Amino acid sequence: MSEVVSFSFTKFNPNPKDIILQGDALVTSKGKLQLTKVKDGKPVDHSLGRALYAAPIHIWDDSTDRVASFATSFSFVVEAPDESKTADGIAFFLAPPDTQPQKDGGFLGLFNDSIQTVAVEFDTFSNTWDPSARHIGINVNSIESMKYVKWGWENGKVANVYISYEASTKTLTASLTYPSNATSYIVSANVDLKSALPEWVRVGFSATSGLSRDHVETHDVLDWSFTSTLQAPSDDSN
């Protein structure tokens, strides 16, 4: 009646055997997780890459009415040669363990037109279902976010992300901070993990570059820490 898992990497090892790389994703010799293709130092169009931690995570348990609380921190960089033409974005996500890459472009490698996936997206291009401004969105089994906050993307600057899920209140909270100019953004939503996802999931990142040559950008993850605890609800708190 307690299961706890954590991991933390201050950079990635170039051939990381505890990370499942999908699509174009790779780790560079200097330990950056380059989700979308970069060639000759330029980001390339029509790229999709994802990365998952090797172990599935026990996020809820039907036989005991436990639901996990979790938290994750990571830093990422999106750098674009043209700040007026950026696409498509990067996300943190949870999905069934055998999850594969879904539709490219605006679907971020996570969703499709035709899917259980919960995601926090950092969305750089306004699709038909998006607000006009770049945004941080919380997504539950749809590319259309259930709640978002407008996001002032800073080209090429390190973004520090912290995401937490409080099982007792069903509250998912996502924040981004730029240390370069000490500016931050936050959004929360009420999210029921038990109805959106299966009992076991893999967790990780997904990103796509645009579907035209002139809307390109990198989606690089520099470090990552994750913890989840599946335990019985407390009867005495408040």
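Position 1 is the first residue in the sequence shown; the rest follow in order.
Participant: Could you tell me whether residue 139 lacks coordinates in at least a third of the other compared entries whose models cover its neighbours on both sides?
Facilitator: Residue 139: modelled in all of the comparison entries.
Participant: Counting only other entries where the flanking residues are modelled, do a third or more lack residue 114?
Facilitator: Result for residue 114: often missing, at least a third of the compared entries.
Participant: Unmodelled stretch from the deposited sequence between residue 114 and residue 115, which bin: none, 1 to 3, 4 to 9, 10 or more?
Facilitator: Just 1 to 3 residues are missing between them.
Participant: Where do the C-alpha atoms have the higher mean temperature factor in this entry, in 160-168 or in 105-113?
Facilitator: Per the PDB entry, the higher value belongs to 105-113.
Participant: Can you let me know which of the two, 181-189 or 30-38, has the higher average C-alpha B-factor in the entry?
Facilitator: Result of the comparison: 30-38.
Participant: Quick one: which of 100, 124, 72, 75 shows the highest Cα temperature factor in the PDB entry?
Facilitator: 100 has the highest C-alpha B-factor of those listed.
Participant: From the list 50, 202, 46, 58, select the residue with the highest C-alpha B factor recorded in the entry.
Facilitator: Going by the entry's C-alpha B-factors, 46 comes out highest.
Participant: Would you check the entry's CA temperature factor for residue 54 and let me know if it's in the chain's lowest, middle or highest third?
Facilitator: As the PDB entry reports it, the C-alpha B-factor of residue 54 lands in the lowest third of its chain.
Participant: Sorting the chain's modelled residues by C-alpha B-factor, tell me whether residue 1 ends up in the lowest, middle or highest third.
Facilitator: Residue 1: CA B-factor falls in the highest third of its chain.
Participant: What third of the chain does residue 176 rank in for C-alpha temperature factor, lowest, middle or highest?
Facilitator: Bottom third by C-alpha B-factor.
Participant: Using the B-factor values recorded in the entry, state whether the Cα atom of residue 206 falls in the lowest, middle or highest third among the modelled residues of its chain.
Facilitator: As the PDB entry reports it, the C-alpha B-factor of residue 206 lands in the lowest third of its chain.
Participant: What third of its chain's C-alpha B-factors does residue 68 belong to: lowest, middle or highest?
Facilitator: Its C-alpha B-factor, which the entry lists for residue 68, ranks in the lowest third among residues of this chain.
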